[PDB]
Amino acid sequence: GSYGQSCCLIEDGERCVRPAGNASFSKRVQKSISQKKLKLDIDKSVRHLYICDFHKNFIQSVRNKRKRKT
Ligand SMILES: [Zn+2]
């Protein structure tokens with residue numbers, strides 16, 4: 001209904017519909033995306049700050065490295 005524990009992100013125009021958990025979109029997350037110029041916009045329709053755990057890892061991936069570990 002108006003309530004819906006799902007994401008608030010948009011990627012390339014696909015309004016993310018993955019289920020939302022403990023993950024959210026604080027004013028600190030923004031700067032990590034701005035410094036990376038990703039296609040990750042914000043759904044103002046539900047006017048909420050929840051994200052799916054798939055997107056939670058994505059913004060945490062840009063702080064890591066594509067080089068694997070032992
Ligand atoms: Zn998402």
# chains A, B, ... in the order shown; residues from 1 in each chain; ligands from 1
$ residues_around --residues "residue 12 (chain A)" --least-positions-apart "2" --cutoff "9 Å" --atoms "only C-alpha atoms" --output "NGL selection string"
:A and (10 or 14-15 or 39-41)
$ closest_atom_pairs --of "chain A" --to "ligand 1" --cutoff "9 Å" --atoms "only C-alpha atoms and all ligand atoms" --output "tab-separated table"
residue	atom	partner	partner_atom_place_in_ligand_line	distance
A:6	CA	ligand 1	1 (Zn)	7.7
A:7	CA	ligand 1	1 (Zn)	4.7
A:8	CA	ligand 1	1 (Zn)	6.6
A:9	CA	ligand 1	1 (Zn)	5.3
A:10	CA	ligand 1	1 (Zn)	7.2
A:11	CA	ligand 1	1 (Zn)	8.2
A:15	CA	ligand 1	1 (Zn)	8.0
A:16	CA	ligand 1	1 (Zn)	4.6
A:17	CA	ligand 1	1 (Zn)	6.5
A:18	CA	ligand 1	1 (Zn)	5.5
A:19	CA	ligand 1	1 (Zn)	7.7
A:20	CA	ligand 1	1 (Zn)	7.7
A:50	CA	ligand 1	1 (Zn)	8.7
A:51	CA	ligand 1	1 (Zn)	5.2
A:52	CA	ligand 1	1 (Zn)	4.3
A:53	CA	ligand 1	1 (Zn)	7.0
A:54	CA	ligand 1	1 (Zn)	6.1
A:55	CA	ligand 1	1 (Zn)	4.6
A:56	CA	ligand 1	1 (Zn)	7.6
$ write_last_selection --atoms "N, CA, C and O atoms" --output "PDB file, in the first residue's frame"
ATOM      1  N   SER A   6      10.752  -1.855   0.754  1.00  0.00           N
ATOM      2  CA  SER A   6      11.535  -2.022  -0.465  1.00  0.00           C
ATOM      3  C   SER A   6      12.515  -0.860  -0.583  1.00  0.00           C
ATOM      4  O   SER A   6      12.447   0.090   0.206  1.00  0.00           O
ATOM      5  N   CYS A   7      13.429  -0.964  -1.542  1.00  0.00           N
ATOM      6  CA  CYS A   7      14.463   0.021  -1.820  1.00  0.00           C
ATOM      7  C   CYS A   7      13.907   1.443  -2.111  1.00  0.00           C
ATOM      8  O   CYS A   7      12.697   1.680  -2.242  1.00  0.00           O
ATOM      9  N   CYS A   8      14.802   2.420  -2.202  1.00  0.00           N
ATOM     10  CA  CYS A   8      14.502   3.809  -2.579  1.00  0.00           C
ATOM     11  C   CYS A   8      15.408   4.303  -3.707  1.00  0.00           C
ATOM     12  O   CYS A   8      15.305   5.454  -4.116  1.00  0.00           O
ATOM     13  N   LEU A   9      16.289   3.434  -4.197  1.00  0.00           N
ATOM     14  CA  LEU A   9      17.250   3.764  -5.232  1.00  0.00           C
ATOM     15  C   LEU A   9      16.667   3.533  -6.631  1.00  0.00           C
ATOM     16  O   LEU A   9      15.681   2.819  -6.830  1.00  0.00           O
ATOM     17  N   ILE A  10      17.322   4.133  -7.613  1.00  0.00           N
ATOM     18  CA  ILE A  10      17.024   4.022  -9.037  1.00  0.00           C
ATOM     19  C   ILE A  10      18.359   3.827  -9.734  1.00  0.00           C
ATOM     20  O   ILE A  10      19.266   4.614  -9.482  1.00  0.00           O
ATOM     21  N   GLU A  11      18.486   2.831 -10.610  1.00  0.00           N
ATOM     22  CA  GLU A  11      19.722   2.621 -11.369  1.00  0.00           C
ATOM     23  C   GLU A  11      19.447   2.543 -12.875  1.00  0.00           C
ATOM     24  O   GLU A  11      18.663   1.737 -13.365  1.00  0.00           O
ATOM     25  N   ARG A  15      13.772   1.795 -11.236  1.00  0.00           N
ATOM     26  CA  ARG A  15      13.438   2.053  -9.835  1.00  0.00           C
ATOM     27  C   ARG A  15      13.542   0.716  -9.103  1.00  0.00           C
ATOM     28  O   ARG A  15      12.664  -0.126  -9.257  1.00  0.00           O
ATOM     29  N   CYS A  16      14.601   0.539  -8.322  1.00  0.00           N
ATOM     30  CA  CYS A  16      14.897  -0.676  -7.587  1.00  0.00           C
ATOM     31  C   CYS A  16      13.688  -1.118  -6.741  1.00  0.00           C
ATOM     32  O   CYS A  16      13.151  -0.352  -5.934  1.00  0.00           O
ATOM     33  N   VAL A  17      13.246  -2.363  -6.922  1.00  0.00           N
ATOM     34  CA  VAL A  17      12.095  -2.970  -6.215  1.00  0.00           C
ATOM     35  C   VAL A  17      12.510  -4.119  -5.295  1.00  0.00           C
ATOM     36  O   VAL A  17      11.660  -4.794  -4.717  1.00  0.00           O
ATOM     37  N   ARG A  18      13.816  -4.358  -5.124  1.00  0.00           N
ATOM     38  CA  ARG A  18      14.316  -5.364  -4.178  1.00  0.00           C
ATOM     39  C   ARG A  18      13.847  -5.071  -2.729  1.00  0.00           C
ATOM     40  O   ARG A  18      13.680  -3.899  -2.363  1.00  0.00           O
ATOM     41  N   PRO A  19      13.631  -6.117  -1.905  1.00  0.00           N
ATOM     42  CA  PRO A  19      13.152  -5.968  -0.530  1.00  0.00           C
ATOM     43  C   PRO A  19      14.198  -5.267   0.341  1.00  0.00           C
ATOM     44  O   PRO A  19      15.394  -5.546   0.233  1.00  0.00           O
ATOM     45  N   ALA A  20      13.738  -4.366   1.209  1.00  0.00           N
ATOM     46  CA  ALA A  20      14.608  -3.612   2.108  1.00  0.00           C
ATOM     47  C   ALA A  20      14.674  -4.233   3.508  1.00  0.00           C
ATOM     48  O   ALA A  20      13.656  -4.621   4.081  1.00  0.00           O
ATOM     49  N   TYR A  50      15.012   3.850   2.802  1.00  0.00           N
ATOM     50  CA  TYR A  50      15.386   2.430   2.895  1.00  0.00           C
ATOM     51  C   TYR A  50      16.052   1.948   1.611  1.00  0.00           C
ATOM     52  O   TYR A  50      15.692   2.429   0.542  1.00  0.00           O
ATOM     53  N   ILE A  51      16.970   0.985   1.689  1.00  0.00           N
ATOM     54  CA  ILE A  51      17.591   0.382   0.499  1.00  0.00           C
ATOM     55  C   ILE A  51      17.628  -1.140   0.629  1.00  0.00           C
ATOM     56  O   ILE A  51      17.599  -1.687   1.735  1.00  0.00           O
ATOM     57  N   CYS A  52      17.698  -1.835  -0.500  1.00  0.00           N
ATOM     58  CA  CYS A  52      17.881  -3.279  -0.521  1.00  0.00           C
ATOM     59  C   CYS A  52      19.343  -3.642  -0.200  1.00  0.00           C
ATOM     60  O   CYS A  52      20.277  -2.877  -0.473  1.00  0.00           O
ATOM     61  N   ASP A  53      19.568  -4.839   0.345  1.00  0.00           N
ATOM     62  CA  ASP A  53      20.919  -5.267   0.733  1.00  0.00           C
ATOM     63  C   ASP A  53      21.868  -5.465  -0.471  1.00  0.00           C
ATOM     64  O   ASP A  53      23.089  -5.362  -0.344  1.00  0.00           O
ATOM     65  N   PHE A  54      21.306  -5.684  -1.666  1.00  0.00           N
ATOM     66  CA  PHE A  54      22.048  -5.760  -2.927  1.00  0.00           C
ATOM     67  C   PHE A  54      22.710  -4.401  -3.212  1.00  0.00           C
ATOM     68  O   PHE A  54      23.920  -4.320  -3.426  1.00  0.00           O
ATOM     69  N   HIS A  55      21.937  -3.314  -3.096  1.00  0.00           N
ATOM     70  CA  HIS A  55      22.463  -1.950  -3.207  1.00  0.00           C
ATOM     71  C   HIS A  55      23.350  -1.553  -2.015  1.00  0.00           C
ATOM     72  O   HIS A  55      24.329  -0.828  -2.211  1.00  0.00           O
ATOM     73  N   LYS A  56      23.077  -2.058  -0.800  1.00  0.00           N
ATOM     74  CA  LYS A  56      23.953  -1.835   0.367  1.00  0.00           C
ATOM     75  C   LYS A  56      25.383  -2.304   0.070  1.00  0.00           C
ATOM     76  O   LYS A  56      26.334  -1.571   0.335  1.00  0.00           O
TER      77      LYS A  56
END
$ select_by_dssp --residues "chain A" --states "helix (DSSP H, G or I)" --output "PyMOL selection string"
chain A and resi 29-34+53-61
$ write_last_selection --atoms "N, CA and C atoms" --output "compact mmCIF listing (two decimals), in the first residue's frame"
# COMPACT_ATOMS: atom_id res chain seq x y z
N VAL A 29 26.10 8.66 3.05
CA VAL A 29 26.18 7.76 1.89
C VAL A 29 26.33 8.57 0.59
N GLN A 30 25.50 9.61 0.45
CA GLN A 30 25.49 10.58 -0.66
C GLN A 30 26.90 10.95 -1.15
N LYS A 31 27.79 11.40 -0.25
CA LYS A 31 29.14 11.85 -0.62
C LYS A 31 30.00 10.75 -1.25
N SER A 32 29.82 9.49 -0.81
CA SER A 32 30.50 8.32 -1.37
C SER A 32 30.07 8.00 -2.80
N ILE A 33 28.84 8.38 -3.18
CA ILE A 33 28.29 8.20 -4.52
C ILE A 33 28.64 9.40 -5.41
N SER A 34 28.52 10.63 -4.89
CA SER A 34 28.89 11.87 -5.58
C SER A 34 30.35 11.86 -6.06
N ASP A 53 19.57 -4.84 0.34
CA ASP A 53 20.92 -5.27 0.73
C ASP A 53 21.87 -5.47 -0.47
N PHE A 54 21.31 -5.68 -1.67
CA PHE A 54 22.05 -5.76 -2.93
C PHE A 54 22.71 -4.40 -3.21
N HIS A 55 21.94 -3.31 -3.10
CA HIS A 55 22.46 -1.95 -3.21
C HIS A 55 23.35 -1.55 -2.01
N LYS A 56 23.08 -2.06 -0.80
CA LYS A 56 23.95 -1.83 0.37
C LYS A 56 25.38 -2.30 0.07
N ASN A 57 25.55 -3.51 -0.48
CA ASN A 57 26.87 -4.01 -0.87
C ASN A 57 27.47 -3.17 -2.01
N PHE A 58 26.68 -2.77 -3.02
CA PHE A 58 27.18 -2.00 -4.16
C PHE A 58 27.95 -0.73 -3.75
N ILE A 59 27.39 0.08 -2.86
CA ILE A 59 28.05 1.30 -2.35
C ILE A 59 29.24 0.96 -1.42
N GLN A 60 29.25 -0.23 -0.80
CA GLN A 60 30.38 -0.73 -0.01
C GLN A 60 31.49 -1.31 -0.91
N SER A 61 31.15 -1.78 -2.12
CA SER A 61 32.09 -2.26 -3.13
C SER A 61 33.01 -1.15 -3.63
$ closest_residue --among "A:35, A:27, A:49, A:43" --to "residue 13 (chain A)" --atoms "only C-alpha atoms"
A:43
$ select_by_dssp --residues "chain A" --states "strand (DSSP E)" --output "MDAnalysis selection string"
chainID A and resid 9:11 14:15 20:24 40:42 50:52
$ write_last_selection --atoms "N, CA and C atoms" --output "PDB file, in the first residue's frame"
ATOM      1  N   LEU A   9      16.289   3.434  -4.197  1.00  0.00           N
ATOM      2  CA  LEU A   9      17.250   3.764  -5.232  1.00  0.00           C
ATOM      3  C   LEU A   9      16.667   3.533  -6.631  1.00  0.00           C
ATOM      4  N   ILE A  10      17.322   4.133  -7.613  1.00  0.00           N
ATOM      5  CA  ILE A  10      17.024   4.022  -9.037  1.00  0.00           C
ATOM      6  C   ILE A  10      18.359   3.827  -9.734  1.00  0.00           C
ATOM      7  N   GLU A  11      18.486   2.831 -10.610  1.00  0.00           N
ATOM      8  CA  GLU A  11      19.722   2.621 -11.369  1.00  0.00           C
ATOM      9  C   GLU A  11      19.447   2.543 -12.875  1.00  0.00           C
ATOM     10  N   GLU A  14      15.810   2.119 -13.799  1.00  0.00           N
ATOM     11  CA  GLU A  14      15.118   1.032 -13.116  1.00  0.00           C
ATOM     12  C   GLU A  14      14.985   1.404 -11.638  1.00  0.00           C
ATOM     13  N   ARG A  15      13.772   1.795 -11.236  1.00  0.00           N
ATOM     14  CA  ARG A  15      13.438   2.053  -9.835  1.00  0.00           C
ATOM     15  C   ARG A  15      13.542   0.716  -9.103  1.00  0.00           C
ATOM     16  N   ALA A  20      13.738  -4.366   1.209  1.00  0.00           N
ATOM     17  CA  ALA A  20      14.608  -3.612   2.108  1.00  0.00           C
ATOM     18  C   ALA A  20      14.674  -4.233   3.508  1.00  0.00           C
ATOM     19  N   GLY A  21      15.884  -4.258   4.064  1.00  0.00           N
ATOM     20  CA  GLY A  21      16.166  -4.719   5.424  1.00  0.00           C
ATOM     21  C   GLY A  21      16.610  -3.565   6.321  1.00  0.00           C
ATOM     22  N   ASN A  22      17.611  -3.811   7.165  1.00  0.00           N
ATOM     23  CA  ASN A  22      18.219  -2.796   8.035  1.00  0.00           C
ATOM     24  C   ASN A  22      18.940  -1.655   7.284  1.00  0.00           C
ATOM     25  N   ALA A  23      19.236  -1.839   5.992  1.00  0.00           N
ATOM     26  CA  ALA A  23      19.940  -0.871   5.159  1.00  0.00           C
ATOM     27  C   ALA A  23      19.089   0.384   4.864  1.00  0.00           C
ATOM     28  N   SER A  24      19.724   1.555   4.939  1.00  0.00           N
ATOM     29  CA  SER A  24      19.100   2.867   4.714  1.00  0.00           C
ATOM     30  C   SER A  24      20.046   3.844   3.987  1.00  0.00           C
ATOM     31  N   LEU A  40      22.947   6.338  -9.686  1.00  0.00           N
ATOM     32  CA  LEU A  40      22.126   5.934  -8.534  1.00  0.00           C
ATOM     33  C   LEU A  40      21.267   7.085  -7.959  1.00  0.00           C
ATOM     34  N   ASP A  41      20.049   7.249  -8.481  1.00  0.00           N
ATOM     35  CA  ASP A  41      19.097   8.313  -8.095  1.00  0.00           C
ATOM     36  C   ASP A  41      18.151   7.875  -6.949  1.00  0.00           C
ATOM     37  N   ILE A  42      17.283   8.777  -6.473  1.00  0.00           N
ATOM     38  CA  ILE A  42      16.414   8.596  -5.301  1.00  0.00           C
ATOM     39  C   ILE A  42      14.922   8.760  -5.609  1.00  0.00           C
ATOM     40  N   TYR A  50      15.012   3.850   2.802  1.00  0.00           N
ATOM     41  CA  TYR A  50      15.386   2.430   2.895  1.00  0.00           C
ATOM     42  C   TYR A  50      16.052   1.948   1.611  1.00  0.00           C
ATOM     43  N   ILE A  51      16.970   0.985   1.689  1.00  0.00           N
ATOM     44  CA  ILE A  51      17.591   0.382   0.499  1.00  0.00           C
ATOM     45  C   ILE A  51      17.628  -1.140   0.629  1.00  0.00           C
ATOM     46  N   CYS A  52      17.698  -1.835  -0.500  1.00  0.00           N
ATOM     47  CA  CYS A  52      17.881  -3.279  -0.521  1.00  0.00           C
ATOM     48  C   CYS A  52      19.343  -3.642  -0.200  1.00  0.00           C
TER      49      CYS A  52
END
$ atom_distance --atom1 "CA of residue 25 (chain A)" --atom2 "CA of residue 69 (chain A)"
28.6 Å
$ atom_distance --atom1 "CA of residue 66 (chain A)" --atom2 "CA of residue 38 (chain A)"
16.7 Å
